[PDB]
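File shown here: run.cif, holding mmCIF, C-alpha atoms and all ligand atoms.
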```
data_input
#
loop_
_atom_site.label_atom_id
_atom_site.label_comp_id
_atom_site.auth_asym_id
_atom_site.auth_seq_id
_atom_site.Cartn_x
_atom_site.Cartn_y
_atom_site.Cartn_z
CA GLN X 1 -3.76 19.03 20.08
CA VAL X 2 -7.01 17.60 21.56
CA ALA X 3 -8.69 21.05 22.32
CA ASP X 4 -7.38 22.38 19.01
CA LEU X 5 -8.94 19.33 17.26
CA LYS X 6 -12.30 19.76 18.99
CA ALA X 7 -12.37 23.42 18.03
CA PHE X 8 -11.11 22.74 14.46
CA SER X 9 -13.95 20.26 14.09
CA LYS X 10 -16.38 22.90 15.43
CA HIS X 11 -15.38 25.50 12.92
CA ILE X 12 -15.67 22.96 10.05
CA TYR X 13 -19.10 21.86 11.34
CA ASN X 14 -20.15 25.56 11.40
CA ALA X 15 -18.89 26.13 7.88
CA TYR X 16 -20.90 23.19 6.73
CA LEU X 17 -24.23 24.35 8.52
CA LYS X 18 -23.59 27.77 7.10
CA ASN X 19 -23.03 26.80 3.42
CA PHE X 20 -25.17 23.81 2.59
CA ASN X 21 -28.88 24.38 1.90
CA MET X 22 -29.68 20.88 2.95
CA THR X 23 -28.46 18.81 5.93
CA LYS X 24 -28.89 15.12 6.59
CA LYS X 25 -30.71 16.11 9.82
CA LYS X 26 -33.33 17.89 7.84
CA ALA X 27 -33.36 15.13 5.10
CA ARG X 28 -33.74 12.38 7.67
CA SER X 29 -36.66 13.94 9.48
CA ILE X 30 -38.46 14.74 6.18
CA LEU X 31 -37.87 11.14 5.00
CA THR X 32 -39.14 9.66 8.22
CA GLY X 33 -42.13 12.02 8.49
CA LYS X 34 -41.27 14.26 11.47
CA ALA X 35 -40.97 17.16 8.96
CA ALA X 36 -44.92 16.49 2.56
CA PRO X 37 -42.36 16.14 -0.39
CA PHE X 38 -43.94 16.25 -3.91
CA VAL X 39 -43.38 12.83 -5.50
CA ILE X 40 -41.66 13.04 -8.94
CA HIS X 41 -42.14 9.85 -10.79
CA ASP X 42 -43.03 10.62 -14.43
CA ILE X 43 -43.21 13.43 -17.09
CA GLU X 44 -46.22 15.17 -15.61
CA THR X 45 -44.94 15.25 -11.97
CA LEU X 46 -41.55 16.58 -13.21
CA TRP X 47 -43.54 19.43 -14.94
CA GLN X 48 -45.55 20.05 -11.90
CA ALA X 49 -42.45 20.04 -9.64
CA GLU X 50 -40.68 22.53 -12.03
CA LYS X 51 -43.64 24.87 -12.24
CA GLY X 52 -42.75 26.13 -8.72
CA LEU X 53 -43.69 23.25 -6.41
CA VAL X 54 -40.01 22.18 -6.18
CA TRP X 55 -38.00 24.56 -8.44
CA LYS X 56 -38.73 28.19 -9.47
CA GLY X 57 -34.66 27.62 -18.28
CA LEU X 58 -32.94 24.35 -19.21
CA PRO X 59 -31.33 23.72 -22.58
CA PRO X 60 -34.05 22.29 -24.88
CA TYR X 61 -34.34 18.49 -24.63
CA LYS X 62 -36.37 16.05 -26.72
CA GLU X 63 -37.05 13.37 -24.19
CA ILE X 64 -37.50 12.84 -20.44
CA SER X 65 -34.03 11.07 -20.12
CA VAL X 66 -32.15 14.12 -21.38
CA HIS X 67 -34.41 16.34 -19.30
CA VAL X 68 -33.50 14.49 -16.10
CA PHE X 69 -29.87 14.47 -17.18
CA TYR X 70 -30.06 18.23 -17.22
CA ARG X 71 -31.79 18.31 -13.81
CA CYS X 72 -28.84 16.29 -12.47
CA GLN X 73 -26.45 18.92 -13.94
CA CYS X 74 -28.36 21.75 -12.21
CA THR X 75 -27.95 20.13 -8.85
CA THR X 76 -24.32 19.34 -9.34
CA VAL X 77 -23.65 22.96 -10.31
CA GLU X 78 -25.59 24.15 -7.32
CA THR X 79 -23.61 21.67 -5.08
CA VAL X 80 -20.26 22.77 -6.54
CA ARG X 81 -21.08 26.34 -5.71
CA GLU X 82 -21.84 25.58 -2.06
CA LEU X 83 -18.82 23.17 -1.78
CA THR X 84 -16.61 26.03 -2.96
CA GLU X 85 -17.87 28.35 -0.19
CA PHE X 86 -17.59 25.59 2.38
CA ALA X 87 -14.02 25.05 1.34
CA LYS X 88 -13.20 28.76 1.30
CA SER X 89 -13.84 28.41 5.11
CA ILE X 90 -11.81 25.31 5.97
CA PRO X 91 -8.68 26.39 7.98
CA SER X 92 -6.03 27.48 5.65
CA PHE X 93 -7.70 26.19 2.57
CA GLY X 94 -8.08 29.92 1.77
CA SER X 95 -4.33 30.43 2.04
CA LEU X 96 -3.28 27.79 -0.54
CA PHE X 97 -2.33 29.19 -3.94
CA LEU X 98 -5.54 30.13 -5.68
CA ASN X 99 -4.82 27.60 -8.47
CA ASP X 100 -4.37 24.78 -5.98
CA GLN X 101 -7.76 25.65 -4.48
CA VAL X 102 -9.30 25.36 -7.93
CA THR X 103 -7.43 22.09 -8.63
CA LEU X 104 -8.61 20.67 -5.30
CA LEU X 105 -12.15 21.63 -6.18
CA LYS X 106 -11.98 20.57 -9.84
CA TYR X 107 -10.90 17.06 -8.67
CA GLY X 108 -12.77 16.64 -5.41
CA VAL X 109 -16.32 18.05 -5.86
CA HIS X 110 -17.95 14.97 -7.47
CA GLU X 111 -16.59 12.68 -4.74
CA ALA X 112 -17.99 15.14 -2.06
CA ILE X 113 -21.19 15.46 -3.97
CA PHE X 114 -21.81 11.75 -4.19
CA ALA X 115 -21.19 11.40 -0.41
CA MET X 116 -23.62 14.11 0.32
CA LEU X 117 -26.45 13.01 -2.04
CA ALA X 118 -26.53 9.92 0.13
CA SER X 119 -27.99 11.93 3.02
CA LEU X 120 -31.04 12.48 0.76
CA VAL X 121 -31.52 8.73 -0.08
CA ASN X 122 -33.63 5.77 1.10
CA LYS X 123 -34.06 2.51 -0.84
CA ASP X 124 -37.04 4.07 -2.80
CA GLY X 125 -35.78 7.44 -4.00
CA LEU X 126 -34.14 10.58 -2.81
CA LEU X 127 -35.13 14.16 -1.71
CA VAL X 128 -34.26 16.85 -4.10
CA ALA X 129 -34.23 20.63 -4.13
CA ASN X 130 -34.30 21.39 -0.52
CA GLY X 131 -36.47 18.56 0.54
CA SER X 132 -39.47 19.83 -1.42
CA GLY X 133 -39.48 16.86 -3.87
CA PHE X 134 -38.83 13.14 -3.79
CA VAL X 135 -37.66 11.41 -6.92
CA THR X 136 -38.39 7.68 -7.09
CA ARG X 137 -35.65 5.21 -7.78
CA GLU X 138 -38.20 3.35 -10.03
CA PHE X 139 -38.72 6.39 -12.24
CA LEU X 140 -34.94 6.81 -12.56
CA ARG X 141 -34.40 3.06 -13.30
CA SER X 142 -36.97 3.62 -16.06
CA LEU X 143 -35.08 6.19 -18.09
CA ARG X 144 -33.26 4.82 -21.07
CA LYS X 145 -29.65 3.55 -20.80
CA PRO X 146 -27.08 5.31 -20.63
CA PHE X 147 -28.98 7.67 -18.33
CA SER X 148 -30.32 5.23 -15.90
CA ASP X 149 -27.02 3.43 -15.68
CA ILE X 150 -25.16 6.56 -14.55
CA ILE X 151 -27.71 7.15 -11.77
CA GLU X 152 -28.14 3.69 -10.14
CA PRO X 153 -24.53 3.29 -8.85
CA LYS X 154 -25.21 6.31 -6.54
CA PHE X 155 -28.09 4.67 -4.88
CA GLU X 156 -25.99 1.52 -4.44
CA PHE X 157 -23.20 3.62 -2.84
CA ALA X 158 -25.76 5.64 -0.78
CA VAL X 159 -27.59 2.84 0.96
CA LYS X 160 -24.44 1.13 2.17
CA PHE X 161 -23.02 4.53 3.25
CA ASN X 162 -26.14 5.28 5.30
CA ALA X 163 -25.77 1.95 7.09
CA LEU X 164 -22.82 3.71 8.83
CA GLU X 165 -25.09 6.30 10.41
CA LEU X 166 -22.94 9.38 10.07
CA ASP X 167 -24.43 12.68 11.14
CA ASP X 168 -23.84 16.17 9.83
CA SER X 169 -20.93 16.77 12.30
CA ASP X 170 -19.16 13.70 10.98
CA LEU X 171 -19.90 14.51 7.30
CA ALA X 172 -18.44 17.99 7.62
CA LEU X 173 -15.04 16.54 8.44
CA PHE X 174 -15.38 13.67 5.93
CA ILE X 175 -16.10 16.15 3.15
CA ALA X 176 -13.20 18.41 4.21
CA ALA X 177 -10.90 15.41 4.00
CA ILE X 178 -12.17 14.39 0.57
CA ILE X 179 -11.43 18.01 -0.69
CA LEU X 180 -8.01 18.51 0.95
CA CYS X 181 -6.33 15.72 -1.09
CA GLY X 182 -2.56 15.86 -1.89
CA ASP X 183 -2.78 13.72 -4.87
CA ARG X 184 -5.04 15.55 -7.29
CA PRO X 185 -3.20 16.12 -10.53
CA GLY X 186 -1.41 19.36 -11.23
CA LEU X 187 -1.24 20.51 -7.59
CA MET X 188 1.79 22.73 -6.82
CA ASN X 189 2.20 22.46 -3.05
CA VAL X 190 1.44 18.82 -2.29
CA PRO X 191 3.15 18.85 1.13
CA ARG X 192 1.00 21.67 2.43
CA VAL X 193 -2.30 20.17 1.26
CA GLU X 194 -1.12 16.83 2.65
CA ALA X 195 -0.52 18.62 5.87
CA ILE X 196 -3.92 20.28 6.12
CA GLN X 197 -5.40 16.95 5.21
CA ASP X 198 -3.66 15.24 8.14
CA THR X 199 -4.97 17.72 10.63
CA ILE X 200 -8.47 17.10 9.17
CA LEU X 201 -8.15 13.25 9.52
CA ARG X 202 -6.82 13.55 13.07
CA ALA X 203 -9.81 15.78 13.81
CA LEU X 204 -12.19 13.17 12.34
CA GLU X 205 -10.53 10.25 14.06
CA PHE X 206 -10.93 12.12 17.34
CA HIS X 207 -14.42 13.17 16.57
CA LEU X 208 -15.58 9.70 15.64
CA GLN X 209 -14.14 8.21 18.88
CA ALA X 210 -16.13 10.77 20.87
CA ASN X 211 -19.29 10.95 18.77
CA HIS X 212 -19.56 7.20 17.94
CA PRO X 213 -18.04 5.42 20.94
CA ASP X 214 -19.23 1.93 20.08
CA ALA X 215 -18.19 1.84 16.37
CA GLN X 216 -14.58 0.70 16.95
CA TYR X 217 -13.69 0.48 13.34
CA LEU X 218 -15.56 3.44 11.80
CA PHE X 219 -12.44 5.47 11.06
CA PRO X 220 -10.64 3.06 8.62
CA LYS X 221 -14.19 2.22 7.42
CA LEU X 222 -14.59 5.86 6.35
CA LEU X 223 -11.11 6.00 4.82
CA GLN X 224 -12.20 3.11 2.70
CA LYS X 225 -15.53 4.91 1.66
CA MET X 226 -13.32 7.81 0.37
CA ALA X 227 -11.53 5.22 -1.74
CA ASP X 228 -14.93 3.83 -2.90
CA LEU X 229 -15.84 7.39 -3.89
CA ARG X 230 -12.74 7.83 -5.87
CA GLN X 231 -13.57 4.71 -7.81
CA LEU X 232 -17.27 5.64 -8.05
CA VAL X 233 -16.22 8.94 -9.58
CA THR X 234 -13.76 7.23 -11.98
CA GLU X 235 -16.67 5.16 -13.18
CA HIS X 236 -18.91 8.25 -13.37
CA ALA X 237 -16.52 10.24 -15.51
CA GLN X 238 -16.14 7.25 -17.86
CA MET X 239 -19.91 7.25 -18.32
CA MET X 240 -20.05 10.96 -18.89
CA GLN X 241 -17.51 10.43 -21.65
CA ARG X 242 -19.61 7.67 -23.14
CA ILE X 243 -22.68 10.04 -23.11
CA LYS X 244 -20.64 12.78 -24.69
CA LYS X 245 -19.45 10.38 -27.44
CA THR X 246 -22.81 8.75 -28.15
CA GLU X 247 -25.56 11.26 -27.22
CA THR X 248 -24.46 14.18 -29.39
CA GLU X 249 -27.65 16.21 -29.05
CA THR X 250 -27.17 16.65 -25.24
CA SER X 251 -25.05 19.44 -23.76
CA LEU X 252 -22.99 20.08 -20.59
CA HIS X 253 -23.16 23.06 -18.34
CA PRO X 254 -20.09 25.31 -18.87
CA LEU X 255 -18.83 24.92 -15.30
CA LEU X 256 -19.09 21.15 -15.62
CA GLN X 257 -17.28 21.57 -18.88
CA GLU X 258 -14.32 23.21 -17.18
CA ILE X 259 -14.41 20.66 -14.37
CA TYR X 260 -14.23 17.97 -17.03
CA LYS X 261 -11.67 19.89 -19.21
CA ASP X 262 -9.02 17.50 -20.38
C1 LIG E 301 -27.96 9.38 -5.09
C2 LIG E 301 -28.38 9.44 -6.31
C3 LIG E 301 -28.84 9.40 -7.69
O1 LIG E 301 -27.82 10.01 -8.49
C4 LIG E 301 -28.03 11.39 -8.61
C5 LIG E 301 -29.11 12.07 -7.97
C6 LIG E 301 -29.29 13.46 -8.05
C7 LIG E 301 -30.43 14.21 -7.36
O2 LIG E 301 -30.88 15.21 -8.28
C8 LIG E 301 -31.96 15.06 -9.16
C9 LIG E 301 -32.84 16.14 -9.33
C10 LIG E 301 -33.92 16.03 -10.14
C11 LIG E 301 -34.15 14.84 -10.81
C12 LIG E 301 -35.39 14.68 -11.66
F1 LIG E 301 -36.49 15.02 -11.00
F2 LIG E 301 -35.26 15.32 -12.79
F3 LIG E 301 -35.60 13.41 -11.91
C13 LIG E 301 -33.34 13.74 -10.61
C14 LIG E 301 -32.23 13.86 -9.80
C15 LIG E 301 -28.41 14.18 -8.82
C16 LIG E 301 -27.32 13.49 -9.44
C17 LIG E 301 -27.14 12.12 -9.33
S1 LIG E 301 -25.84 11.31 -10.10
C18 LIG E 301 -25.19 12.46 -11.22
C19 LIG E 301 -24.26 13.43 -10.84
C20 LIG E 301 -23.76 14.34 -11.86
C21 LIG E 301 -24.19 14.30 -13.18
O3 LIG E 301 -23.76 15.12 -14.23
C22 LIG E 301 -23.11 16.38 -13.93
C23 LIG E 301 -21.68 16.11 -13.56
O4 LIG E 301 -21.22 14.98 -13.67
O5 LIG E 301 -20.87 17.01 -13.27
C24 LIG E 301 -25.12 13.33 -13.50
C25 LIG E 301 -25.56 13.22 -14.94
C26 LIG E 301 -25.57 12.42 -12.56
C27 LIG E 301 -26.55 11.41 -13.07
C1 LIG E 302 -15.40 26.86 -8.23
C2 LIG E 302 -14.35 25.82 -8.54
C3 LIG E 302 -14.87 24.82 -9.54
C4 LIG E 302 -13.65 24.23 -10.22
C5 LIG E 302 -13.96 23.93 -11.67
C6 LIG E 302 -13.07 24.70 -12.63
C7 LIG E 302 -11.86 23.87 -13.02
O1 LIG E 302 -11.50 24.08 -14.39
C8 LIG E 302 -10.19 24.61 -14.59
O2 LIG E 302 -10.19 26.04 -14.35
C9 LIG E 302 -8.95 26.70 -14.66
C10 LIG E 302 -9.13 28.19 -14.50
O3 LIG E 302 -8.55 28.45 -13.24
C11 LIG E 302 -8.39 26.41 -16.08
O4 LIG E 302 -7.05 26.95 -16.09
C12 LIG E 302 -8.47 24.90 -16.43
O5 LIG E 302 -8.17 24.66 -17.80
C13 LIG E 302 -9.84 24.30 -16.04
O6 LIG E 302 -9.82 22.89 -16.17
#
```
How does the structure come out when it is put into structure tokens?
Amino acid sequence: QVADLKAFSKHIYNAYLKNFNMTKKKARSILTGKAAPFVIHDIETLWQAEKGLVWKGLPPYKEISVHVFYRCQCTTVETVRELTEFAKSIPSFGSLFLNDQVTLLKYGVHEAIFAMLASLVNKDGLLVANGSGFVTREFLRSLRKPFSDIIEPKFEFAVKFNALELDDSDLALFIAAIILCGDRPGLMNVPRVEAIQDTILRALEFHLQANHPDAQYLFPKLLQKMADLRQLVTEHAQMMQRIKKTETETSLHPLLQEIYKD
């Protein structure tokens, strides 16, 4: 087992470095000022940032709240695309039935995504694009409800998550575990997913005992954060449904539309 585990963790860590445009290692040095980000904090900085300083269009919007809402959708779509390629490299994810892969992604990407935004976060805002911009929490608290309500819970999750001091090597296995979940609805081969998931959790448990020797309780602490993410994402989807019911001008990217189908 043990040399298997260490090498299974290595391959997952490699898949992660290979597939994600941003790492917490790069985020954390930018945010501390070892590695500059353009500060987005109102209409005119968003315009500046989108005119090439941060991004290189969007469905028409009529106000800054919808506009940011659509910027959030762009990111999520970009993160879903990279999460898919990451997963296509986790051991034997690739060998599940193609529909179970899709089901596992349909139902786990927003949990993974919310774990990973956290890497980009400090109490005051978060890095965006690939570290080229910094959006202030005050600007986002300023948007009108329901938009600002759907954003703030992610900063609350993020800061507490960051208090645990995970690094990219840890997050690669955490994210793998969130995606290989035997209880998503509609899965066909539960036992096999459940089985890959158990190898992943044994790999993480091992990895955390090596990589974080003094944190004696980190492992069940991280199991609980996955449960916090499930609830965080329950809440999120209830707010997206509220926005769909009440803000009828606004639209949803087609991929998000499938993900949300039902
Ligand atoms: C942590 C934290 C704060 O929460 C977020 C932060 C981001 C980072 O991306 C942004 C990029 C640009 C902008 C800007 F500049 F337009 F303000 C804001 C945020 C992106 C998304 C979220 S939360 C989120 C995630 C997904 C999502 O909708 C798409 C979906 O649910 O599938 C929406 C509407 C939201 C609000
Ligand atoms: C890249 C993976 C992203 C996953 C998001 C796509 C999930 O949507 C589902 O895709 C299926 C097509 O296979 C349809 O049969 C379902 O009705 C639909 O809900």
Would you mind listing, for every residue of chain X within 7 Å of ligand LIG 302 (chain E), the two atoms forming the shortest contact and the distance between them in Å to one decimal, using all atoms listed in the file, sorted by chain and ascending residue number, as JSON lines?
```
{"residue": "X:80", "atom": "CA", "partner": "E:LIG302", "partner_atom": "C3", "distance": 6.5}
{"residue": "X:81", "atom": "CA", "partner": "E:LIG302", "partner_atom": "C1", "distance": 6.2}
{"residue": "X:84", "atom": "CA", "partner": "E:LIG302", "partner_atom": "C1", "distance": 5.5}
{"residue": "X:99", "atom": "CA", "partner": "E:LIG302", "partner_atom": "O3", "distance": 6.1}
{"residue": "X:102", "atom": "CA", "partner": "E:LIG302", "partner_atom": "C4", "distance": 5.0}
{"residue": "X:103", "atom": "CA", "partner": "E:LIG302", "partner_atom": "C7", "distance": 6.5}
{"residue": "X:105", "atom": "CA", "partner": "E:LIG302", "partner_atom": "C4", "distance": 5.0}
{"residue": "X:106", "atom": "CA", "partner": "E:LIG302", "partner_atom": "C4", "distance": 4.0}
{"residue": "X:255", "atom": "CA", "partner": "E:LIG302", "partner_atom": "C5", "distance": 6.2}
{"residue": "X:258", "atom": "CA", "partner": "E:LIG302", "partner_atom": "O1", "distance": 4.1}
{"residue": "X:259", "atom": "CA", "partner": "E:LIG302", "partner_atom": "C5", "distance": 4.3}
{"residue": "X:260", "atom": "CA", "partner": "E:LIG302", "partner_atom": "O6", "distance": 6.7}
{"residue": "X:261", "atom": "CA", "partner": "E:LIG302", "partner_atom": "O6", "distance": 4.7}
{"residue": "X:262", "atom": "CA", "partner": "E:LIG302", "partner_atom": "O6", "distance": 6.9}
```
Among listed residues X:116, X:232, X:126, X:40, nearest residue 167 in chain X (using all atoms listed in the file):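 Distance minimum relative to residue 167 in chain X lands on X:116.
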Taking all atoms listed in the file into account, produce a table as a Markdown table in which each residue of range 43-97 of chain X with an atom at most 10 Å from an atom of range 140-153 of chain X appears once, together with its shortest atom pair and the distance in Å to one decimal, ordered by chain and rising number.
```
| residue | atom | partner | partner_atom | distance |
| --- | --- | --- | --- | --- |
| X:63 | CA | X:143 | CA | 9.6 |
| X:64 | CA | X:143 | CA | 7.5 |
| X:65 | CA | X:143 | CA | 5.4 |
| X:66 | CA | X:147 | CA | 7.8 |
| X:68 | CA | X:147 | CA | 8.5 |
| X:69 | CA | X:147 | CA | 7.0 |
| X:72 | CA | X:151 | CA | 9.2 |
```
Pick from X:220, X:228, X:163, X:109 nearest to residue 184 in chain X, counting all atoms listed in the file: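 Among the listed residues, X:109 lies closest to residue 184 in chain X.
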Of the listed residues X:41, X:160, X:242, X:230, that which approaches ligand LIG 301 (chain E) most closely, counting only C-alpha atoms and all ligand atoms: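 Answer, going by the shortest atom-to-atom distance: X:41.
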Spatial neighbours of residue 188 in chain X, max dist 9 Å, only C-alpha atoms, sep filter under 2 positions, as a list in words: residues 97, 99, 100, 186, 190 and 191 of chain X
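Pairwise distance (CA of residue 235 in chain X, atom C20 of ligand LIG 301 (chain E)) equals 11.7 Å.
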Polymer residues at most 10 Å from (-17.8, 26.5, 1.2) by all atoms listed in the file, as an mmCIF file with C-alpha atoms, in the frame of the given file:
```cif
data_model
loop_
_atom_site.group_PDB
_atom_site.id
_atom_site.type_symbol
_atom_site.label_atom_id
_atom_site.label_comp_id
_atom_site.auth_asym_id
_atom_site.auth_seq_id
_atom_site.Cartn_x
_atom_site.Cartn_y
_atom_site.Cartn_z
ATOM 1 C CA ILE X 12 -15.670 22.960 10.050
ATOM 2 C CA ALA X 15 -18.890 26.130 7.880
ATOM 3 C CA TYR X 16 -20.900 23.190 6.730
ATOM 4 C CA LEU X 17 -24.230 24.350 8.520
ATOM 5 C CA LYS X 18 -23.590 27.770 7.100
ATOM 6 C CA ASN X 19 -23.030 26.800 3.420
ATOM 7 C CA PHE X 20 -25.170 23.810 2.590
ATOM 8 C CA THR X 79 -23.610 21.670 -5.080
ATOM 9 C CA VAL X 80 -20.260 22.770 -6.540
ATOM 10 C CA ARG X 81 -21.080 26.340 -5.710
ATOM 11 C CA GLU X 82 -21.840 25.580 -2.060
ATOM 12 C CA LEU X 83 -18.820 23.170 -1.780
ATOM 13 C CA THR X 84 -16.610 26.030 -2.960
ATOM 14 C CA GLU X 85 -17.870 28.350 -0.190
ATOM 15 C CA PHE X 86 -17.590 25.590 2.380
ATOM 16 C CA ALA X 87 -14.020 25.050 1.340
ATOM 17 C CA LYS X 88 -13.200 28.760 1.300
ATOM 18 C CA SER X 89 -13.840 28.410 5.110
ATOM 19 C CA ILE X 90 -11.810 25.310 5.970
ATOM 20 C CA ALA X 176 -13.200 18.410 4.210
#
```
Counting all atoms listed in the file, the residue of X:245, X:236, X:24, X:221 that sits nearest ligand LIG 301 (chain E):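 Nearest to ligand LIG 301 (chain E): X:236.
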Selected residue, from X:76, X:241, X:32, X:48, that lies nearest to ligand LIG 301 (chain E) when counting all atoms listed in the file: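 That would be X:76, the residue with the smallest distance to ligand LIG 301 (chain E).
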CA of residue 135 in chain X to CA of residue 252 in chain X, distance in Å rounded to a single decimal: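 According to the coordinates, CA of residue 135 in chain X and CA of residue 252 in chain X are separated by 21.8 Å.
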Residue nearest ligand LIG 301 (chain E) among X:134, X:155, X:47, X:13 (counting all atoms listed in the file):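 Ranked by minimum distance to ligand LIG 301 (chain E), first place goes to X:155.
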Residue 171 in chain X surroundings by all atoms listed in the file, 12 Å radius, close-in-sequence under 5 positions cut, as a ChimeraX atom specification: /X:9,12-17,20,23-25,112-119,161-162,164-166,176-178,200,204,207-208,222,225-226
Separation of CA of residue 52 in chain X from CA of residue 30 in chain X in Å: 19.2 Å
